[PDB]
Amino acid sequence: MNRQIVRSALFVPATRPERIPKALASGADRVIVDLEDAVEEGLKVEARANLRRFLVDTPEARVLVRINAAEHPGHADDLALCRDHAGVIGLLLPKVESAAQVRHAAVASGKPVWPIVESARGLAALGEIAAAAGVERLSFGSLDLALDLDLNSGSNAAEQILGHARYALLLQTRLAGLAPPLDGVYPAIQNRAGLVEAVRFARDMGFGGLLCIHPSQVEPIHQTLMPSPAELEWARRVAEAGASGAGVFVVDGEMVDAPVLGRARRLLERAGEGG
């Protein structure tokens, strides 16, 4: 699939057809139109039709869709919508607990699957799931695993438990060679100072971006994701001293060996001019 970084994946429910155009103008790397836990049961059918009309009327629009899982009766109608419009470039599979769930949603949709880890069962099967055919990258339901594991969302201890799940998304991402994963949603819409901290914590940990819920969150996320002038100046000074060809040296009073030089070069290239 696409092995590129998604810095922002903005959720917008299909009950809000007028806010899907707003989502795409946010500047979000991806927009997720939702048909599942933001859409009330009675509106799922009408919400699916709202999305179909949006894709039809907007052929150049390319979106991701969080479908309902196989336990739901609308599953197949959700998969058919993902398969039949070119604007659907992938789907979020919620409540994923098996590689077989990934393969069925992938084959029936013909589109790449972003498995969402939202439960204890998901974590335990995550080897299978990340390695399953059709997987592009992983994302995580932070508020969902707090329910499933009985966490007091927002607390020190809760973030420590979530740190273990994040570790598994990050570990399995490398083992299965997936594209960079996206950390969960920061629900305090207007708290940009808290949002900035959750974004920098995620990047420092190896995540590529964040699942967003508001367009106001897009610029804070993308701005916090770019390397600082310092980090780029460090990477430059580290790359400059490894041109000589020395095996090991010191840059900021810190030893620099091959792996550190490799970190500076990947920073210099992933974000700016390489070489």
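All residue numbers are counted from 1 along the displayed sequence.
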Query raised in the report: Which wins on mean Cα temperature factor, 149 to 157 or 167 to 175?
Result: 149 to 157
Report task. Could you settle it for me: does 90 to 98 or 68 to 76 have the higher average Cα B factor in the PDB entry? Result -> 68 to 76
Report task. Between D204, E136, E128, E118, let me know which has the highest C-alpha B-factor in the entry? Result -> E118
Query raised in the report: So among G209, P215, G247, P220, who wins on Cα B-factor in the entry?
Result: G247
Query raised in the report: In terms of the chain's CA B-factor thirds, is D34 lowest, middle or highest?
Result: lowest
Report task. Sort the modelled residues of this chain by their C-alpha B factor and say whether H85 lands in the lowest, middle or highest third. Result -> lowest
Report task. Name the third of the chain's ranked CA B-factors that contains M226, choosing lowest, middle or highest. Result -> highest
Query raised in the report: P259's Cα B-factor: lowest, middle or highest third of the chain?
Result: lowest
Report summary line: Assert third(CA B-factor, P21) within chain per record equals middle
